[PDB]
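[1] this one's sequence-less:
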DNA sequence: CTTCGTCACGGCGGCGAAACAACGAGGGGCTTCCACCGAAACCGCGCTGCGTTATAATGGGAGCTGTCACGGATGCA
DNA sequence: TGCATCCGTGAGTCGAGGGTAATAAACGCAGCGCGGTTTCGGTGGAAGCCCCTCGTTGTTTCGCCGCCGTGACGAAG
């Protein structure tokens, strides 16, 4: 069967990377059918690269503070946790940052080799002081979804190591809400409103296109049970 | 069209306090039941039994 | 299922017939009738100003 | 109260009376006046065709001729299509 | 409207009528469930109007 | 590869048809009755009103009467 | 003066919602105004009778289709 009334899609910007997407008119109840799935996908289907582990000179058990820099260790930890990076290899990549002298150490001071790119150099990190001299080492990779911090089993081998979570999916948050567009004249049609909001490394719309790709692939994996099955279709464009 | 932003009145016997009546902007609803926003019922003191 | 259907308890009227003595509308769902606005509604009605 | 004004009739009665002017005036004015007193609408007395001879200086048979001249050309649906909604 | 409303409409022990007491004349006390109802009159099935 | 056939392109022009103005025979304007409306009339009679009834007959049937409280207006002592 | 004692009030915004009874009557007369009825009537709707409004020709002229030739892109060997 055909949808019998072609729905549309409109992307509306709110910021450089945050945008809403209005779809209308979906068939009755179809807002939920795809919205929750789609938000789950966006949260758990778009590849990206994020920090995985850390180790810095000076600290072996002092998981509170380290000299040179003034703030605590958790502050620097959470600063680096929200770091946008892109990697082109599934091996573990390493980056260093080493700033001598007091000042404000930022994410522009990190020296990422080619194959690992940073999209927020101007993100402050540390209030280095007292002629502080540091050496922070970041174990980074790429994946998808949210991977919590995997602790170091080889505690002795990497004993100054620090396991950390990873927001591999480049989107930060997406929400969806349904509506009652032309329920009376056109039999309970509904309009979905999506709101997607993503890192600066990528856009809001592109990860959406990739989510559409992944999900249409995932459902082709199922439609290949009866290739000529009469479902529903859309029509022209 | 004609119901485009045309306020109407909702009353319930008894009306005791001033807010026993309320003006609402109405929207067309399929069916024969008036759908009351679930917040004003306190003032209306109206339950759906 | 109880015998209190919303198919039975709706009455609408823009303008129907009118009372004999007064020109006022009549009461009832059977006759096109008309809705009653009481004094106790007039109270809140002024309290709104 | 049996004497209640439906108040759709009244507005529609004004609309009847106004479509009447709009249709009569689009017709000739001699004929419009002829009927206004023949049926005596604007007055209380519909008239016979020999009263019209004084007011319009013509033989009553000529108003017999004009009555059909009114009606038949009216009987062209153009006048009828806009007036048949009035019933 | 149901076999019950057919039956339980009978076996009804009314208080009003000729020789009965009108509602406004029917004061608070008479409405009470007298101890002398045990087994005689249903102490629970009464109109809630 | 060569050479012939066709099909518009554009005009030419001479026919040709439709608009516009000198006006005269179907309508407009005459009598000439009487089946008729319509009048005017000539009525009778259902329909309302109104009168009378001649032994004595000589005091209502009925109604079921109560709340709850409260101020106050009203017959006593 | 008290002082009891009746008593005149109100006591929910509101939806479900048409109706139940009785006694002695006759005759007769008058007005009566509604409805059978009984006149001609001229004004009604035909029937027959005369002056003025509407159709023939006499061009005019853009228009247009046949014609006339041109040229090329085509048409066939």
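    Happy to help now that I have it. Numbering: from 1, shown residues only, chains lettered A, B, ... in the order given.
[2] CA only for contacts and neighbour counts going forward, please
    Will do.
[3] can you count the residues close to the residue nearest to residue B:29 when sequence neighbours are not counted?
    Excluding its sequence neighbours, the residue lying closest to residue B:29 (Cα to Cα, 6 or more residues apart in numbering or on different chains) is residue A:184, at 7.4 Å. Residue A:184 is flanked by 13 other residues according to other Cα atoms under 10 Å in any protein chain shown.
[4] Does residue A:184 touch residue B:31 like I think?
    No - Residue A:184 is not in contact with residue B:31 according to Cα atoms under 8 Å; the separation is 9.6 Å.
[5] Return the set of residues that bridge with the residue nearest the centre of chain B.
    A centroid search over chain B (Cα atoms, centre = their mean) returns residue B:10, at 4.0 Å, as the residue closest to the centre. Counting by DSSP bridges, residue B:10 forms beta bridges with residue B:22.
[6] what's it in contact with, if anything?
    B:21, B:22, B:23, B:24 (Cα atoms under 8 Å, 6 or more residues apart in numbering or on different chains).
[7] Please report phi then psi for residue A:53.
    In terms of degrees, to the nearest 10, the main-chain angles of residue A:53 are phi -140, psi 160.
[8] who's in contact with the residue lying closest to it once chain neighbours are set aside?
    Spatial nearest neighbour of residue A:53, excluding adjacent residues (Cα to Cα, 6+ apart): residue A:163 at 4.4 Å. By Cα under 8 Å, 6+ apart, residue A:163 lies in contact with A:52, A:53, A:54, A:149, A:150, A:151, A:152.
[9] In which helix or strand does the last one reside?
    Counting by DSSP states H and E, residue A:152 is held by no secondary-structure element, helix or strand.
[10] what's the distance between it and residue A:162?
    8 Å (Cα to Cα, to the nearest Å).
[11] Between those two, point out the one with more neighbours.
    Comparing residue A:152 with residue A:162 by other Cα under 10 Å, the one with more neighbours is residue A:162, at 21 against 15.
[12] number of nearby residues for whichever residue of chain C sits closest to DNA strand G?
    Distances between chain C and DNA strand G by Cα to the nearest atom of the strand are smallest at residue C:38, namely 2.8 Å. Residues contacting residue C:38 under the criterion other Cα under 10 Å number 11.
[13] same thing with the one 4 residues further on?
    The number of residues packed around residue C:42, counting by other Cα under 10 Å, is 13.
[14] which secondary structure elements does the helix or strand where it lies contact?
    Under DSSP H and E, the secondary-structure element containing residue C:42 is helix C:39-47. Packing partners of helix C:39-47 (3 or more Cα pairs under 8 Å, 6 or more residues apart in numbering or on different chains; DSSP states H and E): strand B:21-24.
[15] Correct me if wrong: residue A:113 contacts residue A:95.
    Yes - contact criterion Cα under 8 Å: residue A:113 and residue A:95 qualify, at 7.3 Å.
[16] For residue 46, list the residues it contacts.
    Went with chain A since none was named. A:144, A:145, A:168, A:169, A:170, A:171, A:207, A:210, A:211.
[17] The intended chain is chain B.
    With contact taken as Cα under 8 Å, 6+ apart, residue B:46 is in contact with residue B:12.
[18] Correct me if wrong, but residue A:192 is in a strand.
    Yes - counting by DSSP: H, G, I helix; E, B strand; the rest coil, one finds residue A:192 located in a strand.
[19] hang on, it packs against residue A:179?
    Yes - look at residue A:192 against residue A:179 with Cα under 8 Å: they come within range, at 6.3 Å.
[20] Those two: who's more crowded?
    Ranked by neighbour count (other Cα under 10 Å), residue A:192 and residue A:179 place residue A:192 first, with 22 against 17.
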